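Next comes just one chain, in structure tokens: the form deposited in one PDB entry.
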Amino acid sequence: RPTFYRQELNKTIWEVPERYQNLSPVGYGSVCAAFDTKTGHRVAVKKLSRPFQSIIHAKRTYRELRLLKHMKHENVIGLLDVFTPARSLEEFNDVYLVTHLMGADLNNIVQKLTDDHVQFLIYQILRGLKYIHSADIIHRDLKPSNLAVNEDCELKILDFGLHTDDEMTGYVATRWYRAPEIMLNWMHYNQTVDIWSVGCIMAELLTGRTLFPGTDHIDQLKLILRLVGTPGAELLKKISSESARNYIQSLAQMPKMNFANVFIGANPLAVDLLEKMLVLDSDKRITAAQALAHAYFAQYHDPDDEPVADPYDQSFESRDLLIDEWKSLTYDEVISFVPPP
């Protein structure tokens, strides 16, 4: 067990191992930047706020720790350390998570981007997604502010979806990248919702403009259906709510637009890929593994260097436990953590 030291920074007590120095507040928890003297990296240290206050919060704390401990891929955020100052389960109350400190996100770039930049950035998102989806994990919240990018144009996916009603209302970027079947609760969704988000991000890199900046859910749906067309009978059969089906059928029918006349002057191979991502019926969207083999990425695709994940057991999600049982499971995962090389 390392030696810990305590200090108050901006109304909160931080008790951390000596290896972490020069803590500086930066921003579910509070975050400080710090220098990790054991590894030489600048890191983000997050102190979770009230991690075990309710059953829902205790289970969410466990879910986040299990997910971050599993993610080991060049294009996905990983866990550098996790610690508690508690010496026993009986006094266990606080959880601290340590990751690499991220500078710019895709917004702080979306600069002057060549087609070669768009190829490389979208390739890396799909490479990370192939890995995430191979573990039957759905990210659910892909958008430019959840993508870290450095000076060398290298990219990492972060901030997995572990959002409320008010957060999704009105003219808000939190909703502009969401697939329509989850925005309006049409059906049980699956990993294909993430590919819809990649399509929205790719279109924005190519044009410099948000693809579907709706002023509310309904305005956004109208923008979407004007581009991709209104649904046919095949998709309508898959929407569970009779009211939602009734609303769809109240709209005048529209054909799918010509994407070459929307994305004027774009690489024809980029146009072709966008048509395969932005498909209304989620069953028919291209998958991440299929998209990596698309000719738009010929310059970067290497099927021997696009790895999949170890199997991931999510059976805990259907388990009904008490607060102190979720807390003990979390404690076990903190003390069994093994750092990366």
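Note that residue numbering follows the sequence shown and begins at 1. Residues that one form lacks are left out of the comparison. Throughout, rigid core stands for the largest set of C-alpha atoms superposing within 1.5 Å between the two forms.
Another form exists, deposited with a small molecule bound; not displayed. Remarks below refer to it.
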query: 4.5 angstroms heavy atom contact with the small molecule in the entry with it bound for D313; finding: no
query: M187 within 4.5 Å of the small molecule in the entry with it bound, heavy atoms; finding: yes
query: Residue contact check: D283 to the small molecule in the entry with it bound, 4.5 Å heavy atom; finding: yes
query: Rigid-core-referenced C-alpha movement of 2 Å or more between this form and the one not shown, selected from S241, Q249, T174, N190; finding: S241
query: Consecutive stretches, 3 or more residues long, displaced between this form and the one not shown (C-alpha shift of at least 2 Å once the core is aligned); finding: 237-241
